[PDB]
>>> print(open('input_7.tsv').read())   # TSV, N, CA and C atoms
chain	number	residue	atom	x	y	z
A	1	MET	N	28.81	70.14	81.78
A	1	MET	CA	29.86	69.87	82.79
A	1	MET	C	30.02	71.04	83.75
A	2	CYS	N	29.37	70.94	84.90
A	2	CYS	CA	29.44	72.00	85.91
A	2	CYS	C	29.37	71.41	87.32
A	3	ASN	N	28.93	70.16	87.41
A	3	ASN	CA	28.86	69.47	88.69
A	3	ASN	C	30.07	68.56	88.88
A	4	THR	N	31.08	68.74	88.03
A	4	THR	CA	32.29	67.94	88.09
A	4	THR	C	33.38	68.65	88.88
A	5	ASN	N	33.62	68.20	90.11
A	5	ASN	CA	34.64	68.80	90.96
A	5	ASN	C	35.53	67.73	91.57
A	6	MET	N	35.00	66.51	91.67
A	6	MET	CA	35.75	65.40	92.24
A	6	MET	C	35.38	64.09	91.54
A	7	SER	N	34.66	64.21	90.43
A	7	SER	CA	34.23	63.04	89.66
A	7	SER	C	33.34	62.13	90.49
A	8	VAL	N	32.83	61.07	89.86
A	8	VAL	CA	31.96	60.12	90.54
A	8	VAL	C	32.35	58.68	90.22
A	9	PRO	N	32.54	57.84	91.25
A	9	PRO	CA	32.92	56.44	91.07
A	9	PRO	C	31.72	55.56	90.71
A	10	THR	N	30.69	56.17	90.13
A	10	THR	CA	29.49	55.44	89.76
A	10	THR	C	29.11	55.71	88.30
A	11	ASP	N	29.35	54.73	87.44
A	11	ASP	CA	29.04	54.86	86.02
A	11	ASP	C	29.75	56.07	85.42
A	12	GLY	N	30.94	56.37	85.93
A	12	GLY	CA	31.70	57.49	85.43
A	12	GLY	C	33.19	57.22	85.41
A	13	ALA	N	33.56	55.95	85.51
A	13	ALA	CA	34.96	55.55	85.51
A	13	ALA	C	35.73	56.21	86.65
A	14	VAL	N	37.05	56.02	86.65
A	14	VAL	CA	37.89	56.59	87.70
A	14	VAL	C	38.09	58.09	87.49
A	15	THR	N	38.80	58.44	86.42
A	15	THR	CA	39.08	59.84	86.12
A	15	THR	C	38.70	60.18	84.69
A	16	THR	N	38.20	61.40	84.48
A	16	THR	CA	37.78	61.84	83.16
A	16	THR	C	38.94	62.46	82.38
A	17	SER	N	40.16	62.10	82.77
A	17	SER	CA	41.35	62.60	82.10
A	17	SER	C	41.78	61.65	80.98
A	18	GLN	N	42.69	62.12	80.13
A	18	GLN	CA	43.16	61.33	79.00
A	18	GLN	C	44.46	61.89	78.48
A	19	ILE	N	44.40	63.17	78.13
A	19	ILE	CA	45.21	63.69	77.07
A	19	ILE	C	46.22	64.72	77.60
A	20	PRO	N	47.46	64.69	77.09
A	20	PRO	CA	48.55	65.52	77.59
A	20	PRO	C	48.30	67.00	77.34
A	21	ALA	N	47.77	67.69	78.34
A	21	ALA	CA	47.41	69.09	78.21
A	21	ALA	C	47.21	69.73	79.58
A	22	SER	N	47.75	69.08	80.60
A	22	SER	CA	47.58	69.50	81.98
A	22	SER	C	48.38	68.61	82.92
A	23	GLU	N	48.16	67.30	82.81
A	23	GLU	CA	48.99	66.32	83.51
A	23	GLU	C	50.35	66.19	82.83
A	24	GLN	N	50.33	66.05	81.51
A	24	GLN	CA	51.56	66.09	80.72
A	24	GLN	C	51.61	67.38	79.91
A	25	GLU	N	52.11	68.45	80.53
A	25	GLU	CA	51.94	69.79	79.98
A	25	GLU	C	52.93	70.05	78.85
A	26	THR	N	54.17	70.37	79.20
A	26	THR	CA	55.19	70.78	78.23
A	26	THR	C	55.08	72.27	77.94
A	27	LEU	N	56.19	72.98	78.09
A	27	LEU	CA	56.21	74.40	77.80
A	27	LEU	C	56.33	74.61	76.31
A	28	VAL	N	55.22	74.45	75.62
A	28	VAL	CA	55.22	74.29	74.18
A	28	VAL	C	55.76	75.53	73.50
A	29	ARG	N	56.48	75.31	72.42
A	29	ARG	CA	56.89	76.42	71.59
A	29	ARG	C	56.87	76.04	70.11
A	30	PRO	N	55.71	76.20	69.45
A	30	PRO	CA	55.51	75.80	68.06
A	30	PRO	C	55.80	76.94	67.09
A	31	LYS	N	55.78	76.63	65.80
A	31	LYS	CA	55.84	77.64	64.76
A	31	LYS	C	54.46	78.27	64.55
A	32	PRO	N	54.40	79.46	63.93
A	32	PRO	CA	53.14	80.16	63.66
A	32	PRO	C	52.06	79.21	63.14
A	33	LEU	N	51.19	78.77	64.05
A	33	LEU	CA	50.19	77.75	63.73
A	33	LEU	C	49.22	77.57	64.89
A	34	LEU	N	49.77	77.55	66.11
A	34	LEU	CA	48.95	77.46	67.31
A	34	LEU	C	48.81	78.83	67.94
A	35	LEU	N	49.54	79.80	67.40
A	35	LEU	CA	49.56	81.14	67.95
A	35	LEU	C	48.67	82.06	67.12
A	36	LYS	N	48.73	81.89	65.81
A	36	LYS	CA	47.66	82.37	64.94
A	36	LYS	C	46.34	81.71	65.34
A	37	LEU	N	46.44	80.70	66.20
A	37	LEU	CA	45.28	79.98	66.69
A	37	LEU	C	44.78	80.63	67.98
A	38	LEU	N	45.71	80.89	68.89
A	38	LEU	CA	45.37	81.32	70.25
A	38	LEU	C	45.42	82.84	70.38
A	39	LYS	N	46.48	83.44	69.85
A	39	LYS	CA	46.61	84.90	69.87
A	39	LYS	C	45.38	85.56	69.26
A	40	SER	N	44.64	84.80	68.45
A	40	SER	CA	43.40	85.29	67.86
A	40	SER	C	42.33	85.47	68.93
A	41	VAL	N	42.05	84.41	69.69
A	41	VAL	CA	41.05	84.47	70.75
A	41	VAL	C	41.36	85.58	71.74
A	42	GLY	N	42.64	85.70	72.10
A	42	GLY	CA	43.04	86.70	73.08
A	42	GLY	C	44.47	86.51	73.54
A	43	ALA	N	45.01	85.32	73.31
A	43	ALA	CA	46.37	84.99	73.75
A	43	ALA	C	47.38	86.00	73.23
A	44	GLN	N	48.55	86.05	73.87
A	44	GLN	CA	49.60	86.98	73.47
A	44	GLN	C	50.88	86.71	74.27
A	45	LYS	N	51.60	85.66	73.88
A	45	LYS	CA	52.84	85.29	74.56
A	45	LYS	C	53.90	84.86	73.56
A	46	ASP	N	55.15	84.81	74.01
A	46	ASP	CA	56.24	84.30	73.19
A	46	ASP	C	56.22	82.78	73.15
A	47	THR	N	55.63	82.18	74.18
A	47	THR	CA	55.47	80.73	74.23
A	47	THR	C	54.12	80.36	74.81
A	48	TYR	N	53.87	79.06	74.91
A	48	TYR	CA	52.62	78.56	75.44
A	48	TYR	C	52.82	77.24	76.17
A	49	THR	N	51.73	76.71	76.69
A	49	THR	CA	51.74	75.36	77.25
A	49	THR	C	50.53	74.58	76.78
A	50	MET	N	50.64	73.26	76.81
A	50	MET	CA	49.54	72.39	76.41
A	50	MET	C	48.32	72.60	77.29
A	51	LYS	N	48.49	73.35	78.38
A	51	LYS	CA	47.39	73.65	79.29
A	51	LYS	C	46.66	74.90	78.83
A	52	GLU	N	47.43	75.93	78.51
A	52	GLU	CA	46.88	77.11	77.86
A	52	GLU	C	46.21	76.72	76.56
A	53	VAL	N	46.99	76.13	75.66
A	53	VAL	CA	46.47	75.64	74.39
A	53	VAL	C	45.28	74.70	74.60
A	54	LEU	N	45.27	73.99	75.72
A	54	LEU	CA	44.15	73.12	76.06
A	54	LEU	C	42.83	73.90	76.02
A	55	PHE	N	42.63	74.77	77.00
A	55	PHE	CA	41.36	75.48	77.11
A	55	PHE	C	41.23	76.56	76.03
A	56	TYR	N	42.37	77.02	75.52
A	56	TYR	CA	42.39	78.13	74.57
A	56	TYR	C	42.01	77.67	73.17
A	57	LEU	N	42.64	76.61	72.70
A	57	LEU	CA	42.24	75.99	71.45
A	57	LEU	C	40.79	75.55	71.52
A	58	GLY	N	40.38	75.09	72.70
A	58	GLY	CA	38.97	74.89	72.95
A	58	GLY	C	38.15	76.13	72.66
A	59	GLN	N	38.69	77.29	73.01
A	59	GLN	CA	38.02	78.56	72.73
A	59	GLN	C	37.86	78.76	71.23
A	60	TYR	N	38.98	78.79	70.50
A	60	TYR	CA	38.96	79.17	69.09
A	60	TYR	C	38.03	78.26	68.29
A	61	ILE	N	38.06	76.96	68.59
A	61	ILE	CA	37.15	76.01	67.96
A	61	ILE	C	35.70	76.44	68.17
A	62	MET	N	35.27	76.40	69.43
A	62	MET	CA	33.92	76.83	69.79
A	62	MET	C	33.60	78.21	69.23
A	63	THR	N	34.63	79.05	69.11
A	63	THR	CA	34.45	80.42	68.63
A	63	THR	C	34.70	80.51	67.13
A	64	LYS	N	34.65	81.73	66.60
A	64	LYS	CA	34.88	81.97	65.18
A	64	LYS	C	33.84	81.25	64.32
A	65	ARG	N	32.83	80.70	64.99
A	65	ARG	CA	31.76	79.98	64.32
A	65	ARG	C	32.31	78.94	63.34
A	66	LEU	N	32.94	77.90	63.89
A	66	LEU	CA	33.45	76.80	63.08
A	66	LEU	C	32.88	75.47	63.56
A	67	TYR	N	32.21	75.48	64.71
A	67	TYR	CA	31.72	74.26	65.33
A	67	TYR	C	30.50	73.71	64.59
A	68	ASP	N	30.15	72.46	64.89
A	68	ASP	CA	28.90	71.86	64.43
A	68	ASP	C	27.69	72.74	64.77
A	69	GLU	N	26.53	72.10	64.94
A	69	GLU	CA	25.37	72.75	65.53
A	69	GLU	C	24.49	71.74	66.25
A	70	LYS	N	25.08	70.60	66.59
A	70	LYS	CA	24.37	69.57	67.33
A	70	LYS	C	24.77	69.57	68.80
A	71	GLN	N	26.05	69.31	69.06
A	71	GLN	CA	26.57	69.29	70.42
A	71	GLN	C	27.92	70.00	70.51
A	72	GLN	N	28.19	70.85	69.52
A	72	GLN	CA	29.44	71.61	69.47
A	72	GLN	C	30.65	70.68	69.59
A	73	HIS	N	30.64	69.61	68.79
A	73	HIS	CA	31.73	68.64	68.81
A	73	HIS	C	32.08	68.17	67.39
A	74	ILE	N	31.24	68.50	66.41
A	74	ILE	CA	31.62	68.32	65.01
A	74	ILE	C	31.96	69.66	64.38
A	75	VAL	N	33.14	70.16	64.70
A	75	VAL	CA	33.52	71.51	64.30
A	75	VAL	C	34.12	71.51	62.90
A	76	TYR	N	33.35	72.03	61.95
A	76	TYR	CA	33.76	72.06	60.55
A	76	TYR	C	34.68	73.24	60.28
A	77	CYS	N	35.84	72.97	59.69
A	77	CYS	CA	36.85	74.00	59.49
A	77	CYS	C	37.38	73.98	58.06
A	78	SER	N	36.54	74.42	57.12
A	78	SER	CA	36.98	74.63	55.74
A	78	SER	C	37.49	76.05	55.55
A	79	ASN	N	38.76	76.18	55.20
A	79	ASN	CA	39.41	77.49	55.10
A	79	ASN	C	39.35	78.22	56.44
A	80	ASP	N	39.98	77.63	57.45
A	80	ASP	CA	39.98	78.20	58.80
A	80	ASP	C	41.35	78.07	59.45
A	81	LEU	N	41.63	78.93	60.41
A	81	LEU	CA	42.90	78.88	61.14
A	81	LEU	C	43.03	77.56	61.89
A	82	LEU	N	41.92	77.11	62.46
A	82	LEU	CA	41.84	75.76	63.00
A	82	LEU	C	42.28	74.74	61.96
A	83	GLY	N	42.01	75.06	60.69
A	83	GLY	CA	42.44	74.21	59.60
A	83	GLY	C	43.95	74.11	59.50
A	84	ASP	N	44.64	75.24	59.67
A	84	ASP	CA	46.10	75.24	59.66
A	84	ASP	C	46.65	74.23	60.67
A	85	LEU	N	45.90	74.01	61.75
A	85	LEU	CA	46.30	73.03	62.75
A	85	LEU	C	46.50	71.66	62.13
A	86	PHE	N	45.43	71.09	61.61
A	86	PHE	CA	45.54	69.89	60.80
A	86	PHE	C	45.10	70.15	59.36
A	87	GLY	N	43.80	70.34	59.16
A	87	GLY	CA	43.29	70.63	57.83
A	87	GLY	C	41.97	69.93	57.55
A	88	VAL	N	41.37	69.37	58.60
A	88	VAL	CA	40.11	68.65	58.45
A	88	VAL	C	38.98	69.58	58.02
A	89	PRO	N	37.98	69.04	57.30
A	89	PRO	CA	36.70	69.71	57.11
A	89	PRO	C	35.82	69.59	58.35
A	90	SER	N	36.22	68.71	59.26
A	90	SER	CA	35.49	68.50	60.51
A	90	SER	C	36.33	67.66	61.48
A	91	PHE	N	36.28	68.01	62.76
A	91	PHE	CA	36.98	67.24	63.78
A	91	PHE	C	36.21	67.20	65.09
A	92	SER	N	36.37	66.10	65.82
A	92	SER	CA	35.64	65.90	67.07
A	92	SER	C	36.46	66.37	68.26
A	93	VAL	N	36.12	67.55	68.77
A	93	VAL	CA	36.78	68.09	69.95
A	93	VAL	C	36.42	67.28	71.20
A	94	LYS	N	35.29	66.59	71.14
A	94	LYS	CA	34.83	65.77	72.26
A	94	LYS	C	35.90	64.76	72.66
A	95	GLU	N	36.58	64.20	71.67
A	95	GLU	CA	37.70	63.30	71.92
A	95	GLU	C	39.02	64.06	71.89
A	96	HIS	N	39.38	64.65	73.02
A	96	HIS	CA	40.55	65.53	73.09
A	96	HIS	C	41.84	64.74	72.91
A	97	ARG	N	41.76	63.43	73.09
A	97	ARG	CA	42.93	62.57	72.93
A	97	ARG	C	43.41	62.58	71.48
A	98	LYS	N	42.53	62.21	70.56
A	98	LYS	CA	42.90	62.10	69.15
A	98	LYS	C	43.02	63.48	68.52
A	99	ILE	N	42.24	64.43	69.01
A	99	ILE	CA	42.18	65.77	68.43
A	99	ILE	C	43.48	66.53	68.68
A	100	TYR	N	44.03	66.39	69.88
A	100	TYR	CA	45.25	67.11	70.24
A	100	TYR	C	46.49	66.34	69.82
A	101	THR	N	46.36	65.02	69.68
A	101	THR	CA	47.48	64.20	69.24
A	101	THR	C	47.76	64.41	67.76
A	102	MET	N	46.73	64.79	67.01
A	102	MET	CA	46.91	65.14	65.60
A	102	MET	C	47.22	66.62	65.44
A	103	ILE	N	46.87	67.42	66.45
A	103	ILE	CA	47.39	68.78	66.55
A	103	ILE	C	48.91	68.79	66.47
A	104	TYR	N	49.55	68.04	67.36
A	104	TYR	CA	51.00	67.88	67.33
A	104	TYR	C	51.40	66.76	66.38
A	105	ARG	N	51.56	67.10	65.11
A	105	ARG	CA	51.82	66.11	64.08
A	105	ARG	C	53.21	65.49	64.25
A	106	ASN	N	54.24	66.28	63.94
A	106	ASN	CA	55.61	65.79	64.01
A	106	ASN	C	56.13	65.78	65.44
A	107	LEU	N	56.58	66.94	65.92
A	107	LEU	CA	57.09	67.06	67.28
A	107	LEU	C	57.36	68.52	67.63
A	108	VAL	N	57.16	68.87	68.89
A	108	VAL	CA	57.45	70.21	69.38
A	108	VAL	C	57.21	70.31	70.89
A	109	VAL	N	58.30	70.48	71.64
A	109	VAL	CA	58.22	70.54	73.10
A	109	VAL	C	59.20	71.55	73.67
A	110	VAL	N	59.28	71.61	74.99
A	110	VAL	CA	60.23	72.49	75.66
A	110	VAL	C	61.66	72.23	75.18
A	111	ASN	N	62.45	73.30	75.08
A	111	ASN	CA	63.82	73.19	74.60
A	111	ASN	C	64.78	72.87	75.75
A	112	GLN	N	64.98	73.85	76.63
A	112	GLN	CA	65.87	73.68	77.77
A	112	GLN	C	67.28	73.31	77.32
A	113	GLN	N	68.13	74.31	77.15
A	113	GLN	CA	69.51	74.09	76.72
A	113	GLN	C	70.26	73.21	77.72
A	114	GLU	N	71.20	72.42	77.21
A	114	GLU	CA	71.97	71.51	78.05
A	114	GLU	C	73.46	71.64	77.76
A	115	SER	N	74.28	70.91	78.52
A	115	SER	CA	75.72	70.94	78.34
A	115	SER	C	76.31	69.53	78.39
A	116	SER	N	77.37	69.31	77.62
A	116	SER	CA	78.01	68.00	77.56
A	116	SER	C	79.07	67.86	78.65
A	117	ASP	N	78.76	68.38	79.84
A	117	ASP	CA	79.68	68.31	80.98
A	117	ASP	C	80.97	69.07	80.68
A	118	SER	N	81.90	68.40	80.01
A	118	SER	CA	83.19	69.00	79.68
A	118	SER	C	83.15	69.64	78.29
A	119	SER	N	82.82	70.92	78.24
A	119	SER	CA	82.74	71.65	76.98
A	119	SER	C	82.91	73.15	77.20
>>> encode(input="input_7.tsv", output="structure tokens")
Amino acid sequence: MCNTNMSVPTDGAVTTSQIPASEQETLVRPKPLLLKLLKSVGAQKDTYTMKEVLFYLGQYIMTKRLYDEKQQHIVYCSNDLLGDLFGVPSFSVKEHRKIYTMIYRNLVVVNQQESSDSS
């Protein structure tokens, strides 16, 4: 993927997008799990976003030598920090939809304090 700058309306569908990590960002703030994930590669923040975690979690997978050896999409993670994410012996990063949707198991998004008007 290097000739992709505006996509192609020929045998390539409309858009190569899918998964909430840029279009649906969220100023993510998880518990020690995605930060032991990203802060490892190089990250270092009090919070993150699904966009940072997007390309960054992409980093840690491809890195730390946990990936397959066919097309770098069957990334085996036995006893790995990537494992703390879910816990698979292998996961398909190629399908970022299912891979990141199982990343966020329960729930975790931006907080943004609010007020009950009269309080």
>>> atom_distance(input="input_7.tsv", atom1="CA of residue 29 (chain A)", atom2="CA of residue 109 (chain A)")
6.2 Å
>>> select_by_dssp(input="input_7.tsv", residues="chain A", states="alpha helix (DSSP H)", output="number ranges by chain")
A: 35-41, 52-62, 81-85, 96-103
>>> residues_around(input="input_7.tsv", residues="residue 90 (chain A)", least_positions_apart="5", cutoff="6 Å", atoms="only C-alpha atoms", output="ChimeraX atom specification")
/A:74-77
>>> write_last_selection(input="input_7.tsv", atoms="N, CA and C atoms", output="short mmCIF file (atom, residue, chain, number, x, y, z; two decimals), keeping the file's coordinate frame")
data_model
loop_
_atom_site.label_atom_id
_atom_site.label_comp_id
_atom_site.auth_asym_id
_atom_site.auth_seq_id
_atom_site.Cartn_x
_atom_site.Cartn_y
_atom_site.Cartn_z
N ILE A 74 31.24 68.50 66.41
CA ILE A 74 31.62 68.32 65.01
C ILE A 74 31.96 69.66 64.38
N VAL A 75 33.14 70.16 64.70
CA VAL A 75 33.52 71.51 64.30
C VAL A 75 34.12 71.51 62.90
N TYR A 76 33.35 72.03 61.95
CA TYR A 76 33.76 72.06 60.55
C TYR A 76 34.68 73.24 60.28
N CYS A 77 35.84 72.97 59.69
CA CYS A 77 36.85 74.00 59.49
C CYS A 77 37.38 73.98 58.06
#
>>> closest_residue(input="input_7.tsv", among="A:112, A:78, A:104, A:97", to="residue 19 (chain A)", atoms="only N, CA and C atoms")
A:97
>>> residues_around(input="input_7.tsv", residues="residue 72 (chain A)", least_positions_apart="5", cutoff="10 Å", atoms="only C-alpha atoms", output="list in words")
residues 61, 62, 66, 67, 92, 93 and 94 of chain A
>>> closest_residue(input="input_7.tsv", among="A:18, A:40, A:49, A:59", to="residue 110 (chain A)", atoms="only C-alpha atoms")
A:49
>>> atom_distance(input="input_7.tsv", atom1="CA of residue 82 (chain A)", atom2="CA of residue 53 (chain A)")
12.3 Å
>>> atom_distance(input="input_7.tsv", atom1="CA of residue 105 (chain A)", atom2="CA of residue 20 (chain A)")
13.9 Å
>>> closest_residue(input="input_7.tsv", among="A:81, A:41, A:50, A:2", to="residue 26 (chain A)", atoms="only N, CA and C atoms")
A:50
>>> residues_around(input="input_7.tsv", residues="residue 86 (chain A)", least_positions_apart="2", cutoff="8 Å", atoms="only C-alpha atoms", output="PyMOL selection string")
chain A and resi 82-84+88+102-103
>>> closest_residue(input="input_7.tsv", among="A:1, A:8, A:27, A:21", to="residue 100 (chain A)", atoms="only C-alpha atoms")
A:21
>>> residues_around(input="input_7.tsv", residues="residue 6 (chain A)", least_positions_apart="6", cutoff="12 Å", atoms="only C-alpha atoms", output="ChimeraX atom specification")
/A:12-17
>>> select_by_dssp(input="input_7.tsv", residues="chain A", states="strand (DSSP E or B)", output="CSV table (one decimal) with N, CA and C atoms, in the frame of the given file")
chain,number,residue,atom,x,y,z
A,74,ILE,N,31.2,68.5,66.4
A,74,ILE,CA,31.6,68.3,65.0
A,74,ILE,C,32.0,69.7,64.4
A,75,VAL,N,33.1,70.2,64.7
A,75,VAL,CA,33.5,71.5,64.3
A,75,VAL,C,34.1,71.5,62.9
A,91,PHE,N,36.3,68.0,62.8
A,91,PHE,CA,37.0,67.2,63.8
A,91,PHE,C,36.2,67.2,65.1
A,92,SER,N,36.4,66.1,65.8
A,92,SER,CA,35.6,65.9,67.1
A,92,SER,C,36.5,66.4,68.3
>>> residues_around(input="input_7.tsv", residues="region 43-47 of chain A", least_positions_apart="3", cutoff="8 Å", atoms="all atoms listed in the file", output="ChimeraX atom specification")
/A:27-30,35,37-40,56
